[PDB]
Amino acid sequence: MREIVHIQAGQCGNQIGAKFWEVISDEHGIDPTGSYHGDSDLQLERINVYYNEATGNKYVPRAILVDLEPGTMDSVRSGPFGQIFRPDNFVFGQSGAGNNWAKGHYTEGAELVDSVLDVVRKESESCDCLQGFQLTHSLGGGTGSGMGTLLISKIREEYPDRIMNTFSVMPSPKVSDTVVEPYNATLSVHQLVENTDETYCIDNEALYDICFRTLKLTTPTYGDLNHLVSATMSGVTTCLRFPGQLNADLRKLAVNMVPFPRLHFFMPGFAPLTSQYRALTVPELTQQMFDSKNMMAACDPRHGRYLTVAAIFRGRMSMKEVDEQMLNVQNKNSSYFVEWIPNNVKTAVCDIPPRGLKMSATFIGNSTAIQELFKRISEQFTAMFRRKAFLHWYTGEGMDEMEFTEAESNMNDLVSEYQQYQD
Amino acid sequence: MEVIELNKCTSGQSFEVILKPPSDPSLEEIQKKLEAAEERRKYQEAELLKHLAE
Amino acid sequence: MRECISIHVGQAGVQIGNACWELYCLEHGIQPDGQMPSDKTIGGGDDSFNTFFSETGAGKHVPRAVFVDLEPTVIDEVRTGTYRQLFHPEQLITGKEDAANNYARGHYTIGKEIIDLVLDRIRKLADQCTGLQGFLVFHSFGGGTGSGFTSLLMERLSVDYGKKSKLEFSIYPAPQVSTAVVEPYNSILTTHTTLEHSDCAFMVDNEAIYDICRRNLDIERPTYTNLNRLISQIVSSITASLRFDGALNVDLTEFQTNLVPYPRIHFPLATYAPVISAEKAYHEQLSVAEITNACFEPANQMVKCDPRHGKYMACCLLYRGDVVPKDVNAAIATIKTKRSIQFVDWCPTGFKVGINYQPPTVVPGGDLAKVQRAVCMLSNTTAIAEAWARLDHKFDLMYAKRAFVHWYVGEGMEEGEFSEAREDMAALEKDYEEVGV
Amino acid sequence: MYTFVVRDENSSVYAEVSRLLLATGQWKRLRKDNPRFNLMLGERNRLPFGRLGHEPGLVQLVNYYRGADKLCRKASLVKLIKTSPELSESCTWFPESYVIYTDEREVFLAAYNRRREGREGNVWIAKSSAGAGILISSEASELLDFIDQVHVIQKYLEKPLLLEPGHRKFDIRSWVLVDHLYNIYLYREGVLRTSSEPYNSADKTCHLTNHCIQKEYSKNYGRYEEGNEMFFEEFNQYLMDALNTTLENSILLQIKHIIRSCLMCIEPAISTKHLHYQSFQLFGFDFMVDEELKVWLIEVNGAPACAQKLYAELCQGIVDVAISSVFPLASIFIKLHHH
Ligand SMILES: Nc1nc2c(ncn2[C@@H]2O[C@H](COP(=O)(O)OP(=O)(O)OP(=O)(O)O)[C@@H](O)[C@H]2O)c(=O)[nH]1
Ligand SMILES: Nc1ncnc2c1ncn2[C@@H]1O[C@H](COP(=O)(O)OP(=O)(O)CP(=O)(O)O)[C@@H](O)[C@H]1O
Ligand SMILES: Nc1nc2c(ncn2[C@@H]2O[C@H](COP(=O)(O)OP(=O)(O)O)[C@@H](O)[C@H]2O)c(=O)[nH]1
Ligand SMILES: [Ca+2]
Ligand SMILES: [Ca+2]
Ligand SMILES: [Ca+2]
Ligand SMILES: [Mg+2]
Ligand SMILES: [Mg+2]
Ligand SMILES: [Mg+2]
């Protein structure tokens, strides 16, 4: 009983979190009402990591839904699996945060954060041995970005010895709502540098390119983007949800993946990505899983070097052939793996494949090429900040220009820290 | 090639064959090191809570 | 009769210990419920098997074993396994959260909170012993519990049982089955602090067991179950002299006397033969000469290295099956005229030989074929330092960048313990070179 | 796509081999410290053999035999020949040698007095492995003073075979490649490193036939043959016109016998047959020929250089039988068969 508490905050965080629970409830055989209707004991073996067991053999997700607007969470409660969530775990306000990090972090969000921590405390008190927390949110908005990072700070204060894990959606001008997204993301990244142990960087630029270039969707929607995120979130948490030896909990994953405390930002990847009945061989899974076109961070791994890599294969396949192809990729491109961390690629196999796939592969890479993501955000930040453009939305909430300058310096420091280990 | 010290019993036997002749910390000190490490953990957490209080 | 207590720490120690006690029961005719029909002294006795099994008035033969793990899922396998009736709950010690592949977490943070409980449960077994020999300690090098908590336990055992001998069965890390990148750190941290507390340690490289299972058992992808069945055969070969009538290696002290002239160089190499697949309906039984010759093939060693480029300090041959001393000496005489077997000048060039007539026991339905005879060679070669060289080099690569070090400092360990542990391995690696060249 | 590393930049032989491997498009060179290699062109001193063969899914091969130094050191070769029953002290193709710093001082002076009293030629030569320092004398008291590293004193062949015209000394270099299956391949092409000065049996220029000494201390360098190097075609033609015999009959049969004897002797000690990594190695054998057409072994080189005219042929042969036999892509040697 190594429990995880899930938190989803803001519009993006709640829409992506809702799909995540829809996906893994299906994999574990949990129906939209909390009743288990599966056919394999592997489904219930580690079910308690994400689900509470209530009266009547009901499985209740250990999930807390947070937003400063009621709108999106009403759509979750009206969604397919909306009735499976604990009603008391819906914590929302009415003001919204207007895509404003200062409102989420300092004014509107501070008013609501205590009632979220009350729900977090109730879930933690019924945990046999809480591992830590996972948070889904975007960095470009106000609630998920500003209030989400405020939440993380206050969670760390009350549970300083627990792991903090986030799925963080990075903004991109390609898939943008407002021009202030680089401000919100830059302010949030520094919070994540200090207050998370593991962050999956999910780049909306990459999600768009994959939907358009690869999946052949000329007009991708947010729903299409979230299909890629759901499949990625299911893959990267397979080792937590099913029996296995490698990266079986959040702390062992962090010990395997994070050689330096600040460099804990991962590029996730998924294979296959098909626009569909054809069987995919193990060599094909391995080549696609490492292909840049399958990465969710919009960074070219050949532009940097892998510190650590986690690979997860799902389905009934030749584990011997899995080892051969994994060793084949490392031995044929060994220049992209740092030589000062021996055997930094770890592979795990799970027999249960995702829905609608005979087999699949999920990639989790700690690559120094991720600095291209932070460089990208830093340039967009500076393009406006050098003219103090749109700053009044933030100074009107009490913030000072110095806090933006310090956020700018902090992320450029992070970029430089990746650069020193790339050489 | 000498066989020496042959001992036989019901469940086996043993012997030696020669081919050529030749040519702690105390309980207190352990507790001190464990308590020193715990104090360094307490100091690092106190600095974290101080940083979060700021 | 003098008793021996087995202690199994971490997942590797517990699952290997589970495989050994299964084999012991099959070897001594002990049924899973603890009953032993061939034992005529009900509720007591000082036979050779009593060194490893105590007896209740009801006739149950209870292993003198303690299982310790910082996570309950592995020891719960023992509580609900085939031999669950053997153990009483006081022997199975579990925690809530494990050491997360972190030596410092197992040694300092979690070890401090559970060390008194483990020692107390060990004291309960020691109080049943009329003359305790000492302890056999099973653990991995790479796991946080197996490395970190074991080194703390070995320190306290030296304090609470100063005159008792302590032997190790250590699992050396192999990336083909390893689960952590920092296992070189844990291996060297735990070797440094345990070195002065262990009288004799048998290292088993998972790489060697893996390849022996692929090559000789035709297992394409061996599992821990495959690896542990083979390991339990080697361990049984080593401990058979403590559990059966005999005159060689009859107590733990004799292991040090026969295999370790220099106390720091206490890592004997183990070589086992033959390993035959059970799927073969009919395999030609190997002779004494053939299985003894196989003891000098690197492909059969528990640690891959080249004894030809080293020197021997001692060498024991442990036979089980249809073996008579006449065939042993004939095989040794031939092997001397073919093999590069150099002893150090300050030691006799010889072989202490032990023969047990009962052939090796295999687990029914397992991968190992029943054989008429088998041998385990325990030789103290300087060539085993190659494993230290490999391990120390990987340590040097990561530590030059301080990679993952913050995980250990974050648990209260000082950074100086890294360099202090590495300098000890450098001195150990230098001692082998002085003895072997 | 195979991978390899280079750890000896000063090797002219394997700098050419590495150049050929790249020219095939199926071999990729990694950094010198990358452990994920198929082939290691290792360093001469302190090669980390103990870290080889521990990479999952990689067949690793190295261009040196661990333990072959016993054959390629002055004192080690003498000790190996005397103490090995396969070679014995009655070995007829190796000059009577002694190790002088166990030590063989009293044993060397024992046979030394038997030659002075018996009116026989009593000239010896002292040398070691720490040279470019060699002394040749007929007085043992002078040889031992020069030593005062381990040195060896062997019988100086006072009756060498002399090429004419010139009345000059020489020595024969043979290149031998031993692959991972311990096949012994003798390169069909050898070289005679000839002295350019007339042999004076009564100055070390006409007595030492090294290519560096004849180019720095000899005034007739390059007179008879280019670079004081006579190849087998010219040398065989000379033996037919002068001595009415062939190179194969008079010399090469003994050379192949000596090569097999030395390498088969240490085969149990260095073979990588059942090892987790495989080895091959190129060797340089140095022979002397006396006036009776008897071949004597002088020394064995473990990291030999090649003749400039033969680098292309031999290095390609190294890739063919030593590297591509283990790693196939998409005869110049004489196989000395044995058991
Ligand atoms: N031969 C063998 N090796 C094992 C077994 N289980 C784990 N290992 C090895 O042990 C190392 C990991 O250490 P573990 O024993 O699993 O970890 P631990 O002692 O439980 O400590 P924690 O970090 O708290 O989990 C890896 O190198 C594994 O390959 C086993 O059953 N048999
Ligand atoms: N016993 C002996 N009788 C006659 N000449 C001898 C001799 N021992 C050595 N020499 C001569 O000395 C020369 C060099 O001897 P040696 O082989 O020890 O030098 P070296 O090892 O530095 C050359 P290389 O670079 O090939 O290793 C040879 O060319 C040989 O002619
Ligand atoms: N992938 C994905 N991104 C989203 C979604 N909704 C919003 N975003 C992104 O998140 C940012 C806007 O933040 P949002 O979550 O709407 O603000 P919040 O409600 O205040 O937290 C922009 O970068 C959007 O591109 C979604 O459903 N999926
Ligand atoms: Ca208000
Ligand atoms: Ca009894
Ligand atoms: Ca002691
Ligand atoms: Mg929005
Ligand atoms: Mg464990
Ligand atoms: Mg030389």
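Residues numbered from 1 in each chain as written, not as in the entry; some residues may be left out. Chains lettered and ligands numbered in written order. Part of a larger assembly, values for the part shown. Heavy atoms only, no water.

Its PDB header names X-ray crystallography as the technique used to obtain the model and reports a resolution of 2.2000 Å.

(A) Molecular detail of the overall build of chain B. Regarding its fold elements, chain B presents one helix and two strands. Counting helices and strands in the order they occur from the N terminus, chain B gives β-β-α. Burial statistics for chain B: of 54 residues in total, 24% are counted as buried. Taken as a whole, chain B presents about 3,900 Å² of accessible surface, with 51% of it coming from carbon and sulfur. Charge centroids of chain B, computed over 8 positive and 12 negative side chains, lie 2 Å from each other. (Helix = DSSP H or I, 4+ residues; strand = E, 2+ residues; numbered from the N terminus. Buried < 20%, exposed > 50% of the residue type's maximum accessible area, 1.4 Å probe, protein only. Areas by Shrake-Rupley, 256 points an atom, 1.4 Å probe, with all protein chains shown as cover. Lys, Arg positive; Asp, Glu negative; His and termini not counted. Charge placed at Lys NZ, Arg CZ, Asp CG, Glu CD.)

(B) Up close: a nonpolar patch on the surface. Taken together, the side chains of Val179, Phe390 and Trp393 of chain A present a nonpolar region at the surface, about 310 Å² in accessible area. Relative to the helices and strands, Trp393 of chain A resides in helix α15 (residues 392-395). (Patch = residues over 30% accessible without salt bridge, like charges linked within 9 Å, V, L, I, M, F, W, Y side chains within 5 Å. Salt bridge = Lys/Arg side-chain N within 4 Å of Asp/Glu carboxyl O.)

(C) Quick look at the coordination of the calcium ion (ligand 4). Protein coordination of the calcium ion (ligand 4) is provided by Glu111 of chain A (OE) and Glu111 of chain A (OE), with donor distances spanning 2.6 to 3.1 Å. Within the secondary structure layout, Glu111 of chain A lies in helix α5 (residues 108-125). (Donors = N, O, S within 2.8 Å, 3.2 Å for Na, K, Ca; no water.)

(D) Seen up close, the packing of aromatic side chains. Counted according to the given criterion, the structure contains 61 aromatic pairs over all chains. Here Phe20 of chain A and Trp21 of chain A contribute two aromatic rings whose centre-to-centre distance is 5.6 Å and whose plane-to-plane angle is 75 degrees, an arrangement assigned as edge-to-face. Owing to a relative accessible area of 0%, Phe20 of chain A belongs among the buried residues under this scheme. Of the residues examined, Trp21 of chain A reaches a relative accessible area of 0% and is grouped as buried. Between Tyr2 of chain D and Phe327 of chain D, the ring centres sit 5.3 Å apart and the planes meet at 55 degrees, which makes this aromatic pair tilted. You'll find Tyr2 of chain D and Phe327 of chain D in the same group, each marked buried. The structure contains a cluster of three or more aromatic residues connected by ring pairs, namely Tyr183, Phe381, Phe385, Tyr394 and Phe404 of chain A. Above the ring of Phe90 of chain A, the side-chain terminus of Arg77 of chain A is found at 4.6 Å from the ring centroid. (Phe/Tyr/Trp six-rings, centres within 6.5 Å; stacked < 30°, edge-to-face > 60°. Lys NZ or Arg CZ within 6 Å of the ring centre and 35° of its normal.)

(E) Just the site of ligand 2, in detail. Residues and elements named next belong to chain D. Around ligand 2, the surrounding shell holds 19 residues, and the nearest of these are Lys155, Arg173, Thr209, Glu299 and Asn301. The contact in question runs from a nitrogen atom of ligand 2 to an N or O atom on the side chain of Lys169, over 3.1 Å. At a separation of 2.7 Å, an oxygen atom of ligand 2 approaches a polar side-chain atom of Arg173. Compared with its free state, where it exposes 650 Å², ligand 2 has 86% of that area covered by protein. Classifying every residue of the shell around ligand 2 gives five nonpolar, five polar and nine charged. (Near = heavy atom within 4 Å. Polar contact = N/O pair within 3.5 Å; in protein donor to acceptor, adjacent residues only side chain to side chain. Nonpolar A, V, L, I, M, F, W, Y, C, P; charged D, E, K, R; others polar.)

(F) Just the pattern of salt bridges, in detail. All told, the structure shown has 70 salt bridges over all chains when counted by the stated rule. The salt bridge partner of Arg2 of chain A is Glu71 of chain C, with a shortest N-O separation of 3.4 Å. Residue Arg2 of chain A is located in the segment before β1 (3-9), and its partner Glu71 of chain C is located in the loop between β4 (65-69) and α2 (72-79); the two belong to separate chains. There is no split in this pair, since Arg2 of chain A and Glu71 of chain C are both buried. A salt bridge links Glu22 of chain C to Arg229 of chain C; its shortest N-O distance comes to 3.9 Å. Pair noted here: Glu22 of chain C is in helix α1 (residues 10-28) and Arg229 of chain C is in helix α8 (residues 224-243), with a separation of 207 residues, a long-range link. Here the residues in one salt-bridge network are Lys174, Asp203, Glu205, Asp209, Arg213 and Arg376 of chain A, joined through shared partners.

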